[PDB]
Amino acid sequence: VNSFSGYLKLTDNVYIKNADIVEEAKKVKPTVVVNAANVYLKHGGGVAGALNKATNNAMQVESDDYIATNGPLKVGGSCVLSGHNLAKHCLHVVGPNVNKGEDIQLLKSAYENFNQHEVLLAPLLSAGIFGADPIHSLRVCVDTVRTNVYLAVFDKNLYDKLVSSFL
Ligand SMILES: O=C(O)C(c1ccccc1)c1ccccc1
């Protein structure tokens, strides 16, 4: 049993809810929250800017030190950093950004990072300002992630479309 409430069950391991990932993290304090990161860990907009704002910029300060030491992530890659006030850990995952021309085949590699964690609160990778089709992102998630993933979909209209169209 876990703390996640109000989710629709899609498969054995994937759950979905219309919720603001920030407000959900604040309520649950999950072991792992996933950030929709870029390779520079520059949290300016979308899930990254919102999560980072909720940490009072502490996520960005930690991230800048990580990049200064290690250099940029790979598209499809990840790193584990603090969850600050939102979670124990933040798994920063880089999905391909279609609005930068990145290979959508890298979305499966991105979701494979989730398999290193038994339970996660996450957004749909490469959705929103990353430009991918969220229906596609949900299909790759279901077909790739084997651990227990709780997906937060901010947009109520998109959420209802994801549920209604789910095979
Ligand atoms: O739902 C998400 O995953 C994102 C998103 C995507 C598309 C439209 C609105 C919001 C998101 C961005 C910022 C904060 C929370 C959620």
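Only heavy atoms go into these numbers, but all of them, side chains included; no hydrogens, no water, no symmetry mates. One-based numbering, in listed order, for ligands and for the atoms of each. In what follows, residues are counted from 1 in the order of the sequence shown.
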Under 3.5 Å side-chain donor-acceptor pair for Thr144 and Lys108: yes
Are a donor atom and an acceptor atom from the side chains of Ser63 and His43 found within less than 3.5 Å of each other? yes
Nearest non-hydrogen protein atom, atom 16 (C) of ligand 1: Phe154 CB, 3.5 Å
Per-atom contacts, ligand 1 versus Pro123 - under 4.0 Å to a heavy atom: 3 (O)
Element-labelled atoms of ligand 1 that are located less than 4.0 Å from some non-hydrogen atom of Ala50: 14 (C)
Heavy-atom distances under 4.0 Å decide this one: backbone, side chain, both or neither, for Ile21 against ligand 1? side chain
Assess, by modelled atom type and distance only, whether the side chains of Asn52 and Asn57 contain a donor and an acceptor separated by less than 3.5 Å. yes
Using a 4.5 Å cut-off on heavy atoms from C-beta on, say whether the side chain of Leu162 contacts that of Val153. yes
Short side-chain donor-acceptor distance under 3.5 Å, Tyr7 and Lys17: no
Numbered in order shown, the ligand 1 atoms found under 4.0 Å of a heavy atom of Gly46 are 12 (C), 13 (C)
For atom 11 (C) of ligand 1, what's the nearest protein heavy atom and its distance? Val47 CG2, 3.6 Å
Starting from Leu106 and following side-chain heavy-atom contacts under 4.5 Å between hydrophobic residues (I, L, V, M, F, W, Y), which residues can be reached? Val39, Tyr40, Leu41, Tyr66, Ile67, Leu73, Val75, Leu81, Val94
Of all protein heavy atoms, the one nearest atom 6 (C) of ligand 1 is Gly128 CA, 3.5 Å
